[PDB]
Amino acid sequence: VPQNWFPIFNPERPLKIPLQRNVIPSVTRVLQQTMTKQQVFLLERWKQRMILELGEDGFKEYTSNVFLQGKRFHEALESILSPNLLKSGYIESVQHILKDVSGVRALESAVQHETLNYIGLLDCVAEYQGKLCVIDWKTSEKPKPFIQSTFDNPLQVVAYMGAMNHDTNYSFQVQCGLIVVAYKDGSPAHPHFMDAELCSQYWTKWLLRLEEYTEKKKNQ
């Protein structure tokens, strides 16, 4: 009856291995276990300088509203891009960019690379002023006017791209990226667009961070 057969026994021949060792890693964590010595340093100086102004608990809920404010923003964009939200400062801030968005092909949709073996969750694949791109919407309290102000956002964007131009669940491909940074006070958002060549150069930088991850784990 069975049509494809593999052997139960191996013709070649206190373990307590955890389940997650074999899970396909995610795009974000691959990046978080590959941060530079200076990047981990700069963020920790920020956490400890924070907790001193707000106490161990005040910061703990400062973290809660940042995450939630992000949450509601993405719930807002899914309602507006599924085929009072206009009083949100973040939506006030993206309203101009958002009128440039049509042809939505995916919202909050998971992506998997079979050969490169990582997963991710794309914000949205839509047309922005005609160019079909992977879009990453992001909240921020400080302005991020240049793309190098967004830190690792370029590399996750290109990580979502090249992984979804091979994910079998997508018939189409994409060759551009867009990071949109929305601010709480309502001032206009900063679009950071990434044409095909600039996604190519970050894609190179992302393949380096993927090798660091596979290295650090194999010994560990």
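So that there is no doubt, residue numbering starts at 1 and follows the sequence shown.
Chemist: Does the deposited sequence hold unmodelled residues between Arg13 and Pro14, and if so, how many: none, 1 to 3, 4 to 9, or 10 or more?
Modeler: The entry has a long gap there, with 10 or more residues left out between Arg13 and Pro14.
Chemist: Checking chain continuity here. Are there deposited residues lacking coordinates between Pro83 and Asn84, and if so is it 1 to 3, 4 to 9, or 10 or more (or none)?
Modeler: Missing in between: 4 to 9 residues.
Chemist: Check the entry's C-alpha temperature factors for 193-201 and 207-215, then say which stretch has the higher mean.
Modeler: Per the deposited B-factors, the answer is 207-215.
Chemist: Can you tell me which stretch has the higher mean Cα B-factor, 143-151 or 109-117?
Modeler: 109-117 has the higher mean C-alpha B-factor.
Chemist: Between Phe59, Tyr160, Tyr183, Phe41, which carries the biggest CA temperature factor in the record?
Modeler: Highest CA B-factor of the listed options: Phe59.
Chemist: With respect to C-alpha B-factor, does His96 fall in the lowest, middle or highest third of the chain as deposited?
Modeler: Ranked within chain, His96 CA B lands in the lowest tercile.
Chemist: Is the Cα B-factor recorded for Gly70 in the lowest, middle or highest third of its chain?
Modeler: Middle third by C-alpha B-factor.
Chemist: Determine, from the deposited record, the chain-internal third of the Cα B-factor for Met50: lowest, middle or highest.
Modeler: As the PDB entry reports it, the C-alpha B-factor of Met50 lands in the highest third of its chain.
Chemist: Check where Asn165 lands among this chain's C-alpha B-factors and tell me if it's the lowest, middle or highest third.
Modeler: Middle third of the chain for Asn165's C-alpha B-factor.
Chemist: Mind checking which third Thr34 falls in for C-alpha B-factor across the chain?
Modeler: Middle third of the chain for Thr34's C-alpha B-factor.
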